[PDB]
Amino acid sequence: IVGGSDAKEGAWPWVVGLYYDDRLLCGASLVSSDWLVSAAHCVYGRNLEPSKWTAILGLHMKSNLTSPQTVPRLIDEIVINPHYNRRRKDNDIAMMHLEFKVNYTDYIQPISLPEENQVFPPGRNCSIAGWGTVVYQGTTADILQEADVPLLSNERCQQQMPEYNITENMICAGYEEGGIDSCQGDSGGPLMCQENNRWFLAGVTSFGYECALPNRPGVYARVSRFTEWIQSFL
Ligand SMILES: *C(=O)c1ccc(NC(=N)N)cc1
């Protein structure tokens, strides 16, 4: 997360760190007692042996894994979206099963899915979080980073990303001036929007042109388009 700040303990109890080979590579979002939503590209090429992935729930700081609020879980099933296209980056979403269920605490809670036509309108501030790089091509965060980013229209996002195919399966967020954005290591994590004092998983952190550049927004897989598919696992 570029231009964010340190999240407090228990700020985003749905945020999950995904470890492969003892390295935190991607984020994820807890959506039930045993299912995570993440990005397909995180797990592409590494889904045949799901027990190579470890989810750390209730994580705040990577340098304090052994604290009472954290819970580790091996993944025993990974289901990439059947319409995932690697080259075009479309439908960049995946389901990941926890081998054993988690009990909910102040630090571990599921995030609500959107309603199937739910509108998170352009100009509204939503939130992002993760342990990814803090500047483009820089170092990873120790403490979980958070930031607020305003949503774009898909038309405006397409104009700003003419080298990419911005589809209806994507939602974009970023500042005109840059400075605040997701980055490498944050993918698979949430874009969360609040409405009526309830947080909703509006997006899954997917891609962009570098990070934090002016008029180069974060592109997120639009979760409302996959609600029905996600709900079939729960
Ligand atoms: C995921 O690893 C990821 C997410 C977002 C970006 N870039 C921008 N949002 N600009 C890169 C990589």
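Below, each value reflects all heavy atoms present in this structure, side chains not excepted, and no hydrogens, waters or symmetry copies. Sequence positions, counted from 1, serve as the residue numbers for this chain. Counting convention: from 1, in listed order, for ligands and their atoms alike.
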What pairs meet the ring-ring contact (aromatic ring centres under 6.0 Å, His included) rule with one or both residues in residues 109-137, with sequence neighbours excluded?
none
With distance as the sole criterion, is a donor-acceptor pair present between the side chains of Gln137 and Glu210 under 3.5 Å?
no
Using a strict 4.0 Å cut-off to heavy atoms of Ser187, name the atoms of ligand 1 that fall inside it.
1 (C), 2 (O), 3 (C), 4 (C), 12 (C)
Before signing off on this row, confirm whether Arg216 and ligand 1 have an N or O atom pair separated by under 3.5 Å.
no
Considering only residues two or more places apart or on different chains, which pairs with a residue in residues 149-170 satisfy salt bridge (charged side-chain N to carboxylate O under 4.0 Å, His left out)?
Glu163-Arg216, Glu168-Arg225
Please classify the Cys183 to ligand 1 contact at 4.0 Å (heavy-atom distances, strictly less than): side chain, backbone, both or neither.
backbone
Distance under 4.0 Å to a non-hydrogen atom of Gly218: what atoms of ligand 1 satisfy this?
9 (N)
One finds that the ligand 1 atoms under 4.0 Å from a non-hydrogen atom of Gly185 are 2 (O)
What's the shortest distance from atom 11 (C) of ligand 1 to any protein heavy atom, and which residue and atom give it?
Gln184 NE2, 3.4 Å
Are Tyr209 and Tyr164 an aromatic pair, judged by ring center distance below 6.0 Å?
no
For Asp186 and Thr205, what are the C-alpha separation, side-chain angles and deciding distance, and is it a side chain to side chain donor-acceptor pair (under 3.5 Å)?
CA-CA 7 Å; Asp186 300 317; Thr205 308; over 6 Å; no
In the protein, what heavy atom is nearest to atom 10 (N) of ligand 1, and what distance, to one decimal place, separates them?
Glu210 O, 2.7 Å
Nitrogen or oxygen of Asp181 less than 3.5 angstrom from that of ligand 1
yes
Look at atom 6 (C) of ligand 1 and say which protein heavy atom is nearest, naming residue and atom and giving the distance to 0.1 Å.
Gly208 N, 3.7 Å
Which atoms of ligand 1 are found less than 4.0 Å from any heavy atom of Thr205?
4 (C)
Looking only at side chains, do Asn91 and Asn81 share a donor and an acceptor under 3.5 Å apart?
no
Would the distance check show the side chain of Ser182 and the main-chain N or O of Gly218 forming a donor-acceptor pair, the cut-off being under 3.5 Å?
no
